[PDB]
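Peer 1: I have a structure I would like to understand better, so I am pasting it below and will then ask my questions one at a time.
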Amino acid sequence: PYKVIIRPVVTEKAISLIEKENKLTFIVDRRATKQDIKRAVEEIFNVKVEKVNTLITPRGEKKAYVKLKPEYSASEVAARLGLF
Amino acid sequence: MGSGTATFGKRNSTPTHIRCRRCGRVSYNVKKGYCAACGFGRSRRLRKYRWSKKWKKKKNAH
Amino acid sequence: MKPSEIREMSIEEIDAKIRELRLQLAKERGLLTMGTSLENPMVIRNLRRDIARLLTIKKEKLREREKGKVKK
Amino acid sequence: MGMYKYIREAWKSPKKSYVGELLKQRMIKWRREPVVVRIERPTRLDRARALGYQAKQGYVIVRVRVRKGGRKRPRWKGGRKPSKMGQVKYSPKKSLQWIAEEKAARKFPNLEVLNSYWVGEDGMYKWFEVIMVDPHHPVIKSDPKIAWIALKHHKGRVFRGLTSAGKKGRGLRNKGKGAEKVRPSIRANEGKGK
Amino acid sequence: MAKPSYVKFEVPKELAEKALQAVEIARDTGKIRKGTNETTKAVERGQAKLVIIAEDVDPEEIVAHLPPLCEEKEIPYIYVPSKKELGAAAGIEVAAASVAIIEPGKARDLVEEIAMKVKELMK
RNA sequence: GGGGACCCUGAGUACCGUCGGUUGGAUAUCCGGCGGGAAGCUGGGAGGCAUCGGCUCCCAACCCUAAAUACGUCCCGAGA
RNA sequence: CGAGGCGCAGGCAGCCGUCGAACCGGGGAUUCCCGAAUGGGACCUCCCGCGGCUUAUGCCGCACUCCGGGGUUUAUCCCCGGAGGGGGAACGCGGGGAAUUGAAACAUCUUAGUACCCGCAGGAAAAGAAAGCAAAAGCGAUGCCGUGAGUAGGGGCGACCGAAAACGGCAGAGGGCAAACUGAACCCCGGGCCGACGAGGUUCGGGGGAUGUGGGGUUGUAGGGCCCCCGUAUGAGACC
């Protein structure tokens, strides 16, 4: 009922989270909570979220590190959005 | 206190004054819980005076 | 985008089209941050306005409907 | 003739006419009682009606206890010229009757002072009963004999003074001689009037 | 019993029931005045045979005058502990501090008795 | 409209006495405080000392009041 | 209004608009957090007790303090209704209240009820229909302006201080209680009928109300009560 996801960031750091760690990075709502980030992801990419870690940046935005279950890989999601 | 001002001054380090929840100026003294500028914490009212201070910014704004 | 096309939709269809619009907005902004290769300021500006429109049209309808019943 | 006049006149001398036993009996109860007490019902009804009293919903009477004697002036932060130095003979411009209306009005702020009267006094205190009515309830609004207070304008009347004690205190009681400097307002002449 | 100042004497409970019972017969048959002031006129006018007086009344002032006023007027008066009962006896929904029976009817023998009983209780 | 008691007709008030505040207010301002304290229109107050008489006026102690009069936030018009 | 726009802001790029934009008016949607900030505290964040609802997350409604009415072990403990607070450009009204200075010193006096401080209201306030005025003659609310008059008057009778009545004007408006005499005839809330679903009138369940709702009446008394005689609710507005 609210905008959840601001956008993907893609960087050299993003490739390290995606490849080794199986985790995806998002810029998300600046008033977030974990409970919400996990379920929202779960529905939208159609995936299983193991875990969410959050940090609110000194850029006035909040960055969310969402860990996927190693069945739903970071790489397949990553390709769809922020790459063609 | 008098001279030897350099030798003295290691406090200020500690802060007692901020951007205020109510006004936004630099005076919400964390220790008292009082804003010097606005008067928040102290009063339901905004600080305003005949001299003034508060008024002057407002007129200036107009 | 015209307000009319939006009104012809049902309330259920409006929800599903919002999710789709926002996800498209999310996807473009990721493309922009990566570095623009699309060069349309359009997509983000129009989607932002489009998203507003579906939601306003929608809230207003439910409000109308609810009032209709009460009278009748 | 009739019942009201007898009571009112009997209260006039509170020393005679069986008032004295009552005055003494109630006064122990009252010295005990807190400085502000809400009462559902009136005391000198006879006196209250003449001021304006009705018993419809939202009309209260309240006893305010106020100290005897004048003011006692604040201590100095500077120096003073010999006339201004004095502190022990200082007496207020506002009446003690007036001071009670305002006390009552601070305590209940959504209710407004119609009028007030004196319920008697001891060596340390005076009691005044203040008649308030609420100026927000439809109940008052409909009736046109008390509808005046209801208007938005009328709140805050007690401080400005428009009540009997407020008017008497202001020195608007004549329109002739001695009313040559209080016209039409005290501060229409900058504070001259009293 | 309770209520002082103008209450000189205690009316027993049995007297009070008889008085309250005469008051109900009195409204139906005869005439009655309900309320402090009417009772006041009724005594001044000379219309009233018996005035009845509630004990709990607060402030006392409303009430205070009626026993010595009544003494001059030759009207006998008798005391009721509760007001609500008195208003009720009078035939009304609310209480009354004072009521006056202005000329009874079929009560006349009872009221004359109540009147003698009170003088016999205390002059 | 006139016929009898005319309707009773506002209390700590009016007024007096003691201390201030204030005012131009003088003995003759107004307001408070402290003490005392009326009258039932068969009455009361007022006309710049007190009191008594005449004379003339007017009803305090309950309440409200448009409009004409203040301002410059705002708009417009104006400039030895 | 209507044929370009995309604020200040002339760029690059792209976009939108006759299913009529930008723009202008009126109305409506969304309107974070803090703030009188009201559930509690805070360094603009955080926690929490109920109740509604979706399977859950999600989401919706609530508990500071008066008044008005209930609920009940009447624990004064909780529920429904209405309100308060704070702000505001100056002005206004009511309270608290200086000194430098002047008097070539200075204490009374002066500054001055000024500066400054508290309470509070509105779009104007206040005052306001005489317990007035007092050229004794003549007037019939009150502001305000001119004037009276730098007059009377006050004051180390020094310095200074300082009206009003009246006049000419302006704008104009008069009304309500308490009581006498009546005494529940009454008011508030909800529902219906009758009526253009309105005004009004009627009825039905509660609450307020004799410590008196309501009717009468108000400078001056009209006999106020009770009478009479004649027009006599005849007659005719005036108001919504």
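Residues are referred to by chain and number: the chain letter is A, B, ... according to the order shown in the structure tokens, the number counts from 1 in that chain, and ligands are numbered separately from 1 in the order shown.
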For region 98-112 of chain D, please output as a ChimeraX atom specification all residues within 8 Å (counting only C-alpha atoms (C1' of nucleotides); exclusion window: fewer than 2 positions along the same chain).
Peer 2: /D:36,62,64-66,94-96,114-116,128-130,132-136,149,155-159,165-166,169 /G:66-67,83-84
Peer 1: DSSP on the backbone: what in chain A comes out alpha helix (DSSP H), as JSON, numbers by chain?
Peer 2: {"A": [12, 13, 14, 15, 16, 34, 35, 36, 37, 38, 39, 40, 41, 74, 75, 76, 77, 78, 79, 80]}
Peer 1: Do me a favour and pick out the residues of chain D within 8 Å of chain G, using only C-alpha atoms (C1' of nucleotides), as a ChimeraX atom specification.
Peer 2: /D:1,41-43,45,49-52,54-58,81-82,93-94,108-111,134,136-139,143,145,153-157,159-161,174-176,180-181,183-185,190-192
Peer 1: Could those residues be written to a file, using N, CA and C atoms, as a tab-separated table (two decimals), in the first residue's frame?
Peer 2:
chain	number	residue	atom	x	y	z
D	1	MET	N	-43.40	41.27	48.79
D	1	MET	CA	-43.90	40.01	49.50
D	1	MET	C	-43.15	38.72	49.14
D	41	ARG	N	-25.70	22.46	43.67
D	41	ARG	CA	-26.88	23.22	43.92
D	41	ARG	C	-26.53	24.55	44.55
D	42	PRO	N	-27.39	25.57	44.51
D	42	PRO	CA	-27.11	26.91	45.05
D	42	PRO	C	-27.22	27.00	46.56
D	43	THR	N	-26.72	28.11	47.19
D	43	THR	CA	-26.80	28.56	48.56
D	43	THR	C	-27.82	29.63	48.68
D	45	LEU	N	-30.04	31.26	46.93
D	45	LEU	CA	-30.80	31.14	45.70
D	45	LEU	C	-31.31	32.49	45.39
D	49	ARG	N	-30.49	34.21	41.79
D	49	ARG	CA	-31.43	34.48	40.71
D	49	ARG	C	-31.43	35.91	40.14
D	50	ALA	N	-31.26	36.91	41.00
D	50	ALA	CA	-31.18	38.27	40.72
D	50	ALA	C	-29.98	38.51	39.85
D	51	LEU	N	-28.86	37.76	40.10
D	51	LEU	CA	-27.69	37.82	39.22
D	51	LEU	C	-27.86	37.16	37.92
D	52	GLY	N	-28.82	36.33	37.79
D	52	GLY	CA	-28.98	35.43	36.71
D	52	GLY	C	-28.64	34.07	37.23
D	54	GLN	N	-30.09	29.78	36.57
D	54	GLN	CA	-31.00	28.75	36.00
D	54	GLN	C	-30.44	27.47	36.40
D	55	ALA	N	-31.26	26.37	36.31
D	55	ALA	CA	-30.77	25.13	36.95
D	55	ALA	C	-30.65	24.01	36.02
D	56	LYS	N	-30.73	24.41	34.73
D	56	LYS	CA	-30.54	23.61	33.53
D	56	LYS	C	-29.10	23.12	33.44
D	57	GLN	N	-28.85	22.20	32.48
D	57	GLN	CA	-27.66	21.46	32.37
D	57	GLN	C	-26.53	22.26	31.91
D	58	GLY	N	-25.41	22.16	32.66
D	58	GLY	CA	-24.28	23.08	32.52
D	58	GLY	C	-24.18	24.33	33.37
D	81	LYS	N	12.86	54.95	44.65
D	81	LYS	CA	12.75	56.25	45.19
D	81	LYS	C	11.83	56.06	46.45
D	82	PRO	N	12.14	56.55	47.63
D	82	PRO	CA	11.35	56.55	48.83
D	82	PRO	C	9.83	56.37	48.84
D	93	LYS	N	-5.79	46.95	42.69
D	93	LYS	CA	-6.87	47.54	41.90
D	93	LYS	C	-8.04	46.63	41.68
D	94	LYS	N	-7.86	45.30	41.68
D	94	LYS	CA	-8.92	44.36	41.45
D	94	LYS	C	-9.49	44.14	42.85
D	108	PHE	N	-11.94	25.80	35.94
D	108	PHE	CA	-12.69	25.20	34.90
D	108	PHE	C	-12.64	26.12	33.67
D	109	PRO	N	-11.93	25.83	32.57
D	109	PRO	CA	-11.58	26.91	31.64
D	109	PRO	C	-12.65	26.93	30.53
D	110	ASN	N	-13.54	25.93	30.39
D	110	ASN	CA	-14.46	25.68	29.31
D	110	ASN	C	-15.83	26.19	29.79
D	111	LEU	N	-15.82	26.84	30.98
D	111	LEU	CA	-16.97	27.39	31.65
D	111	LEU	C	-16.65	28.78	32.01
D	134	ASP	N	-21.75	27.02	31.19
D	134	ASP	CA	-20.94	26.61	30.06
D	134	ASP	C	-21.38	27.34	28.76
D	136	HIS	N	-21.01	26.56	25.56
D	136	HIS	CA	-20.74	25.73	24.45
D	136	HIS	C	-21.85	24.77	24.20
D	137	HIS	N	-22.73	24.52	25.23
D	137	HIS	CA	-23.78	23.48	25.25
D	137	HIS	C	-24.96	24.15	24.52
D	138	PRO	N	-25.72	23.37	23.67
D	138	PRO	CA	-26.92	23.85	22.94
D	138	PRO	C	-27.94	24.28	23.96
D	139	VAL	N	-27.80	23.77	25.24
D	139	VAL	CA	-28.87	23.85	26.19
D	139	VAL	C	-29.25	25.32	26.55
D	143	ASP	N	-32.22	28.93	25.02
D	143	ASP	CA	-33.07	29.77	25.86
D	143	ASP	C	-32.65	31.26	25.67
D	145	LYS	N	-32.63	34.10	27.36
D	145	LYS	CA	-32.44	34.90	28.49
D	145	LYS	C	-31.12	34.72	29.07
D	153	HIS	N	-17.74	35.71	21.15
D	153	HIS	CA	-17.24	36.92	21.71
D	153	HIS	C	-17.14	37.07	23.15
D	154	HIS	N	-18.13	36.42	23.73
D	154	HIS	CA	-18.20	36.58	25.14
D	154	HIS	C	-17.22	35.88	26.04
D	155	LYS	N	-16.43	34.93	25.55
D	155	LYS	CA	-15.47	34.31	26.44
D	155	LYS	C	-14.36	35.26	26.83
D	156	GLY	N	-13.75	34.96	28.02
D	156	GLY	CA	-12.63	35.78	28.44
D	156	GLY	C	-13.08	37.10	28.99
D	157	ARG	N	-14.46	37.26	29.26
D	157	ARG	CA	-15.12	38.39	29.86
D	157	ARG	C	-14.71	38.67	31.18
D	159	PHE	N	-11.71	38.40	32.69
D	159	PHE	CA	-10.41	39.11	32.80
D	159	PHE	C	-10.44	40.53	32.41
D	160	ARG	N	-11.21	40.80	31.34
D	160	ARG	CA	-11.43	42.12	30.80
D	160	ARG	C	-12.28	42.89	31.68
D	161	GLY	N	-13.23	42.25	32.42
D	161	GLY	CA	-14.13	42.85	33.33
D	161	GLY	C	-15.42	43.28	32.65
D	174	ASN	N	-20.61	55.47	37.10
D	174	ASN	CA	-21.34	56.66	36.75
D	174	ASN	C	-20.89	57.12	35.38
D	175	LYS	N	-21.55	58.22	34.88
D	175	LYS	CA	-21.39	58.71	33.49
D	175	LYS	C	-21.33	60.20	33.61
D	176	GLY	N	-21.04	60.70	34.80
D	176	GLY	CA	-20.94	62.07	35.15
D	176	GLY	C	-19.62	62.47	35.68
D	180	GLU	N	-14.40	61.31	34.31
D	180	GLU	CA	-13.94	62.43	33.46
D	180	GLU	C	-12.62	62.07	32.90
D	181	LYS	N	-12.10	60.84	33.28
D	181	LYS	CA	-10.78	60.33	33.05
D	181	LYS	C	-10.88	58.81	32.93
D	183	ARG	N	-13.24	57.42	30.86
D	183	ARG	CA	-14.12	57.30	29.67
D	183	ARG	C	-13.42	57.09	28.33
D	184	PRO	N	-14.10	56.18	27.57
D	184	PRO	CA	-14.98	55.07	27.91
D	184	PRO	C	-14.18	53.94	28.49
D	185	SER	N	-12.89	54.01	28.48
D	185	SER	CA	-12.03	52.97	28.99
D	185	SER	C	-10.96	53.59	29.82
D	190	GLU	N	-4.96	55.98	28.74
D	190	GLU	CA	-3.65	55.36	29.09
D	190	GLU	C	-3.53	55.24	30.61
D	191	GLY	N	-4.45	54.40	31.18
D	191	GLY	CA	-4.11	53.87	32.49
D	191	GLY	C	-4.53	54.83	33.61
D	192	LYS	N	-5.17	55.97	33.24
D	192	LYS	CA	-5.46	57.11	34.13
D	192	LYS	C	-6.49	56.73	35.14
Peer 1: Show which residues sit within 12 Å of region 63-69 of chain C, as number ranges by chain. Count only C-alpha atoms (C1' of nucleotides), and ignore same-chain residues fewer than 4 positions away.
Peer 2: C: 11, 56-59; G: 28-29
Peer 1: Near region 10-18 of chain B, counting only C-alpha atoms (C1' of nucleotides), which residues have an atom at most 7 Å away, once you skip same-chain residues fewer than 5 positions from it, shown as a ChimeraX atom specification?
Peer 2: /B:26-31
Peer 1: Give me a file of those residues, with C-alpha atoms, as a CSV table (one decimal), in the first residue's frame.
Peer 2:
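Saved file part-v9.csv follows:
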chain,number,residue,atom,x,y,z
B,26,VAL,CA,20.5,26.0,17.7
B,27,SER,CA,19.4,26.1,21.3
B,28,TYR,CA,17.7,23.0,22.6
B,29,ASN,CA,19.9,22.6,25.5
B,30,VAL,CA,20.0,18.9,26.0
B,31,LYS,CA,20.9,19.3,29.8
Peer 1: Running DSSP on the backbone, which parts of chain A land in strand (DSSP E or B), as a ChimeraX atom specification?
Peer 2: /A:5-8,23-28,49-56,62-68
Peer 1: Within 9 Å of residue 90 (chain D), counting only C-alpha atoms (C1' of nucleotides), which residues qualify if same-chain residues fewer than 4 places away don't, as a ChimeraX atom specification?
Peer 2: /D:70-73,86 /F:20-21,32-33
Peer 1: Output N, CA and C atoms (P, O5', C5', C4', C3', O3' and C1' of nucleotides) for every residue in the selection just made, as a PDB file, in the first residue's frame.
Peer 2:
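Ended up saving to again_22.pdb:
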ATOM      1  N   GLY D  70      -4.988  42.930  51.260  1.00  0.00           N
ATOM      2  CA  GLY D  70      -4.421  43.415  50.020  1.00  0.00           C
ATOM      3  C   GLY D  70      -3.281  42.550  49.646  1.00  0.00           C
ATOM      4  N   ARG D  71      -2.587  43.044  48.595  1.00  0.00           N
ATOM      5  CA  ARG D  71      -1.332  42.578  48.145  1.00  0.00           C
ATOM      6  C   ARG D  71      -0.237  42.834  49.129  1.00  0.00           C
ATOM      7  N   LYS D  72       0.929  42.179  48.890  1.00  0.00           N
ATOM      8  CA  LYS D  72       2.156  42.391  49.581  1.00  0.00           C
ATOM      9  C   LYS D  72       3.217  42.320  48.590  1.00  0.00           C
ATOM     10  N   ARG D  73       3.983  43.462  48.413  1.00  0.00           N
ATOM     11  CA  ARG D  73       4.670  43.777  47.231  1.00  0.00           C
ATOM     12  C   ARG D  73       5.900  42.968  47.171  1.00  0.00           C
ATOM     13  N   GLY D  86       7.694  51.310  49.536  1.00  0.00           N
ATOM     14  CA  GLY D  86       6.680  50.755  50.389  1.00  0.00           C
ATOM     15  C   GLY D  86       5.966  49.551  49.942  1.00  0.00           C
TER      16      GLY D  86
ATOM     17  P     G F  20      -1.199  56.420  55.315  1.00  0.00           P
ATOM     18  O5'   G F  20      -0.934  55.426  54.055  1.00  0.00           O
ATOM     19  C5'   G F  20      -0.942  55.874  52.728  1.00  0.00           C
ATOM     20  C4'   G F  20      -1.028  54.649  51.788  1.00  0.00           C
ATOM     21  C3'   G F  20      -0.961  54.799  50.249  1.00  0.00           C
ATOM     22  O3'   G F  20       0.391  54.885  49.720  1.00  0.00           O
ATOM     23  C1'   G F  20      -2.827  53.353  50.748  1.00  0.00           C
ATOM     24  P     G F  21       0.569  55.763  48.417  1.00  0.00           P
ATOM     25  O5'   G F  21      -0.013  54.975  47.199  1.00  0.00           O
ATOM     26  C5'   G F  21       0.452  53.678  46.753  1.00  0.00           C
ATOM     27  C4'   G F  21      -0.547  53.190  45.787  1.00  0.00           C
ATOM     28  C3'   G F  21      -0.851  54.157  44.676  1.00  0.00           C
ATOM     29  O3'   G F  21       0.088  53.972  43.618  1.00  0.00           O
ATOM     30  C1'   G F  21      -2.792  53.526  45.518  1.00  0.00           C
ATOM     31  P     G F  32     -13.491  49.055  44.402  1.00  0.00           P
ATOM     32  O5'   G F  32     -12.228  48.540  45.187  1.00  0.00           O
ATOM     33  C5'   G F  32     -11.306  47.607  44.704  1.00  0.00           C
ATOM     34  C4'   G F  32     -10.071  47.410  45.622  1.00  0.00           C
ATOM     35  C3'   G F  32     -10.248  46.958  47.061  1.00  0.00           C
ATOM     36  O3'   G F  32     -10.320  45.563  47.224  1.00  0.00           O
ATOM     37  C1'   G F  32      -8.895  48.641  47.189  1.00  0.00           C
ATOM     38  P     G F  33     -11.146  44.916  48.406  1.00  0.00           P
ATOM     39  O5'   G F  33     -10.225  45.119  49.653  1.00  0.00           O
ATOM     40  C5'   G F  33      -8.953  44.426  49.821  1.00  0.00           C
ATOM     41  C4'   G F  33      -8.191  45.020  50.962  1.00  0.00           C
ATOM     42  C3'   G F  33      -9.032  45.100  52.252  1.00  0.00           C
ATOM     43  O3'   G F  33      -8.950  43.773  52.815  1.00  0.00           O
ATOM     44  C1'   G F  33      -8.205  46.979  52.071  1.00  0.00           C
TER      45        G F  33
END
Peer 1: Please provide the set of residues having any atom within 8 Å of residue 42 (chain B), restricted to only C-alpha atoms (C1' of nucleotides), with same-chain residues fewer than 6 positions apart removed, written as a PyMOL selection string.
Peer 2: chain B and resi 33-35
Peer 1: Save the residues we just selected, N, CA and C atoms, as an mmCIF file, in the first residue's frame?
Peer 2:
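This is the output file again03.cif:
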data_model
loop_
_atom_site.group_PDB
_atom_site.id
_atom_site.type_symbol
_atom_site.label_atom_id
_atom_site.label_comp_id
_atom_site.auth_asym_id
_atom_site.auth_seq_id
_atom_site.Cartn_x
_atom_site.Cartn_y
_atom_site.Cartn_z
ATOM 1 N N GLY B 33 16.850 20.677 29.038
ATOM 2 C CA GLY B 33 15.719 20.290 28.290
ATOM 3 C C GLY B 33 14.987 21.479 27.811
ATOM 4 N N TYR B 34 15.641 22.666 27.517
ATOM 5 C CA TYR B 34 14.996 23.931 27.343
ATOM 6 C C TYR B 34 15.669 24.343 26.082
ATOM 7 N N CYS B 35 14.884 24.951 25.240
ATOM 8 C CA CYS B 35 15.396 25.719 24.090
ATOM 9 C C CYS B 35 15.495 27.138 24.453
#
Peer 1: Using only C-alpha atoms (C1' of nucleotides), select each residue of chain E with any atom at most 12 Å away from an atom of chain G, and give the selection as an MDAnalysis selection string.
Peer 2: chainID E and resid 32:39 41 54 56:63 83:84 86:88 90:99
Peer 1: For CA of residue 43 (chain B) and CA of residue 77 (chain D), determine how far apart the two atoms are, in Å to one decimal place.
Peer 2: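 Pair CA of residue 43 (chain B) / CA of residue 77 (chain D) returns 24.5 Å.
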Peer 1: Skip residue 47 (chain A) itself and residues of its chain fewer than 5 positions away, then list as a list in words all residues within 12 Å of it, counting only C-alpha atoms (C1' of nucleotides).
Peer 2: residues 24, 38, 39, 40, 41, 42, 66, 67, 68, 69, 70, 71, 72, 73, 74, 76 and 77 of chain A
Peer 1: Next, the residues of the selection above should be written as a PDB file, in the first residue's frame with C-alpha atoms.
Peer 2:
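Below you can see selection_36.pdb, which holds the result:
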ATOM      1  CA  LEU A  24      20.735  -8.866  -3.177  1.00  0.00           C
ATOM      2  CA  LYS A  38      11.265 -10.193   3.835  1.00  0.00           C
ATOM      3  CA  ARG A  39       7.523 -10.757   2.952  1.00  0.00           C
ATOM      4  CA  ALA A  40       7.391  -8.041   0.322  1.00  0.00           C
ATOM      5  CA  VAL A  41      10.386  -9.684  -1.519  1.00  0.00           C
ATOM      6  CA  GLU A  42       8.809 -13.013  -1.069  1.00  0.00           C
ATOM      7  CA  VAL A  66      18.224  -9.376   1.553  1.00  0.00           C
ATOM      8  CA  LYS A  67      19.573 -12.965   1.754  1.00  0.00           C
ATOM      9  CA  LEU A  68      17.805 -15.454  -0.414  1.00  0.00           C
ATOM     10  CA  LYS A  69      17.596 -19.196   0.279  1.00  0.00           C
ATOM     11  CA  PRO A  70      20.268 -20.797  -1.989  1.00  0.00           C
ATOM     12  CA  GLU A  71      17.539 -22.408  -4.204  1.00  0.00           C
ATOM     13  CA  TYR A  72      16.404 -18.966  -5.369  1.00  0.00           C
ATOM     14  CA  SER A  73      19.667 -17.590  -6.502  1.00  0.00           C
ATOM     15  CA  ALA A  74      20.659 -13.843  -6.528  1.00  0.00           C
ATOM     16  CA  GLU A  76      18.519 -15.038 -11.772  1.00  0.00           C
ATOM     17  CA  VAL A  77      16.708 -12.018  -9.986  1.00  0.00           C
TER      18      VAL A  77
END
Peer 1: What gap, in Å, lies between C1' of residue 7 (chain F) and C1' of residue 225 (chain G)?
Peer 2: 9.7 Å
Peer 1: Within 10 Å of chain B, which residues of chain G come that close, and what is the closest atom pair and distance in Å for each? Count only C-alpha atoms (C1' of nucleotides) and give it as a Markdown table.
Peer 2:
| residue | atom | partner | partner_atom | distance |
| --- | --- | --- | --- | --- |
| G:33 | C1' | B:21 | CA | 9.9 |
| G:34 | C1' | B:21 | CA | 5.3 |
| G:35 | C1' | B:22 | CA | 5.5 |
| G:36 | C1' | B:44 | CA | 6.4 |
| G:37 | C1' | B:44 | CA | 9.7 |
| G:42 | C1' | B:33 | CA | 9.7 |
| G:43 | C1' | B:30 | CA | 5.3 |
| G:44 | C1' | B:21 | CA | 4.1 |
| G:85 | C1' | B:44 | CA | 9.5 |
| G:86 | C1' | B:45 | CA | 6.7 |
| G:87 | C1' | B:45 | CA | 8.5 |
| G:89 | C1' | B:59 | CA | 8.7 |
| G:116 | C1' | B:50 | CA | 8.0 |
| G:117 | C1' | B:49 | CA | 9.8 |
